[PDB]
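Before any questions on binding or motion, here is one chain by itself as structure tokens, the form deposited in one PDB entry.
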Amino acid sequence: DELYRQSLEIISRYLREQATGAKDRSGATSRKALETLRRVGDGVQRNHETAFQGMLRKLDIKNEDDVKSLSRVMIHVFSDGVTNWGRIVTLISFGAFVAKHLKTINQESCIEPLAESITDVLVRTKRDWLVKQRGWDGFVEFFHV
């Protein structure tokens, strides 16, 4: 699955850099995908901060067996709705928000697994749409400014 490896690399690096605050095959897209993500994902976290605040709170993340359980509550929400790049970035954006919180409570070791949960669901349930959109090229294309 190349579409998956690439999605995991992107979402993973975004999540890791967002939490750490420090930067870390299908090259000439991934770099633009990550670039677009930083821009719009940051916007989404900013303009939607109080809703993110409240959700993180509703979630109550205290430890490792809180992230695992997460997938339940997460598939529930990304899966209810229409497919568009706007709901995908909010999916990944909140993921970034959770990652920020994890490094706060010493559970940075659960960031990569978190990025996996997110990636598994994004490409497991909308893989065909992604293929249709030409993957991350569609993403970058959609958000040009």
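Take the two forms, find the largest set of C-alpha atoms that superpose within 1.5 Å, and that set is the rigid core. Residues that one form lacks are left out of the comparison. The numbering used is simple: start at 1 and walk along the sequence shown.
FYI, the form deposited in another entry isn't displayed, but the following is about it.
Asker: Where among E64, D42, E116, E35 does the Cα move by 2 Å or more between the shown form and the other one after the core is superposed?
Answerer: Comparing both forms, the shifted residue turns out to be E64.
Asker: Core-aligned, does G54 move its Cα 2 Å or more between the shown form and the other one?
Answerer: No, its C-alpha moves less than 2 Å.
Asker: After the core is overlaid between the shown form and the other one, has the C-alpha of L91 moved by 2 angstroms or more?
Answerer: No, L91 moves less than 2 Å.
Asker: Once you overlay the rigid core, does the Cα of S79 travel 2 Å or further between the shown form and the other one?
Answerer: Yes, the C-alpha position differs by at least 2 Å between the shown form and the other one.
Asker: Where do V73 and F139 end up in the other entry, Cα atoms closer or farther than shown, with a change of 3 Å or more?
Answerer: It is closer: the C-alpha separation of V73 and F139 falls by at least 3 Å in the other entry.
Asker: In the other entry, the Cα separation between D65 and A19 changes by 3 Å or more relative to the shown form; did it shrink or grow?
Answerer: Relative to the shown form, the pair is closer.
Asker: Looking only at residues found in both forms, which runs of 3 or more have C-alpha shifts of at least 2 Å between the shown form and the other one after a core fit?
Answerer: Core-superposed, displaced stretches are 61-81, 107-110.
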